[PDB]
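The chain that follows stands alone, in the form deposited in one PDB entry, written as structure tokens.
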């Protein structure tokens, strides 16, 4: 069928190398946006601005947001004095998100993930109607414009609104980056394309660490990260629309003109000449010839409820650990580098294990170790720095490996008639976990160590539900 035409037109040739590289390139800045709150919203040490004046906690530091009424307690009313030695200006220092507004920092991150969740749902449907190239162009422009306006937001509600729209646009690019590349690649390569995207996203953690080290101002950093998406919109007009979508849309005239252009780039002009309407109609016989069944059929229910738990738990604990970089005693400019560095060997071990033993034993190992490492982190006293840092790095490594393991597992358990819906609805649960993770982080005011326990007790429970899945090997 269609797979033969791509092989006939040149397979993986010059066009595929140019297009896939250009489409996947913006994924470097994807990790620089989700994690950006660690650098544009860091909390420097703040002691209350005097009108001797500042009571001290039993540790010894000046108490946060309590000052003596008369010189040697009353809450701050003249503002705060921040530490300008390592963080010049973050959104916490710009709008006093310190004591009565601790949750306002986490709420802004939660509102961003609502954009990511809403972006995939809306722009996923919009892609199937206006194409994959047109939606990608509109997402490149929206990400650049909405990201830029956040760097100039005069009010906190304006900052949240212009970051929610950035999250809405940044889900469309990630979703369409996979679709526009997979559809132009042969079927047997589809497994490799998903791996490349994850590794490309992995290198994005390094880029954020490098940029945030040289441009610490939050207004400059937010603008600088969203600046390149203007250049990703200028060259987005030269993409070649996915020919598979054109054939499915019923416009077989377009899919002949799309394939011939690929033949010219790939150099197989003569084989491109043989293409015509009549051969296209005959070859594309099975191409032109629903989530409701995912909740109705009994045998498919057991997969959806189970698989939604692994997707949710893996992402819920991933963003409950990535966003905590300041409680380790090491500079965040180094922990972020280490966090992205452990991503690669952990994924390689994950790929090595599944091919060696299976998928179910790999899934239990990936999550339970992450749940144990996170849980042990909370009990271990903060005095230990190397011990606590090692556990968190090891925990984030497993959760990175769990993402690859659960992505391949979803693509092999769901039947081919449902996979597109099952994978699409599977990743939606992942974005739901990213929303709830900051909200769970907001309860640290009720109990200092509660968020770590919830971030650890969830993957442990998920490791106790992955035993209800048929392993796929051979």
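Throughout, rigid core stands for the largest set of C-alpha atoms superposing within 1.5 Å between the two forms. Positions refer to the first chain, counted from 1.
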Compared with other deposited entries of this protein, is residue 288 missing coordinates in at least a third of those that cover its neighbours?
yes
If we scan the other compared entries, does residue 174 go without coordinates in at least a third?
no
Looking at the deposited sequence, how many residues between residue 51 and residue 52 were given no coordinates in the entry: none, 1 to 3, 4 to 9, or 10 or more?
10 or more
If I compare the deposited sequence with the modelled residues, how many are absent between residue 299 and residue 300: none, 1 to 3, 4 to 9, or 10 or more?
none
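Note that the form deposited in another entry isn't included here; everything after this is about it.
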With the core superposed, a Cα shift of 2 Å or more between this form and the one not shown singles out one residue among 89, 308, 179, 189. Which one is it?
189
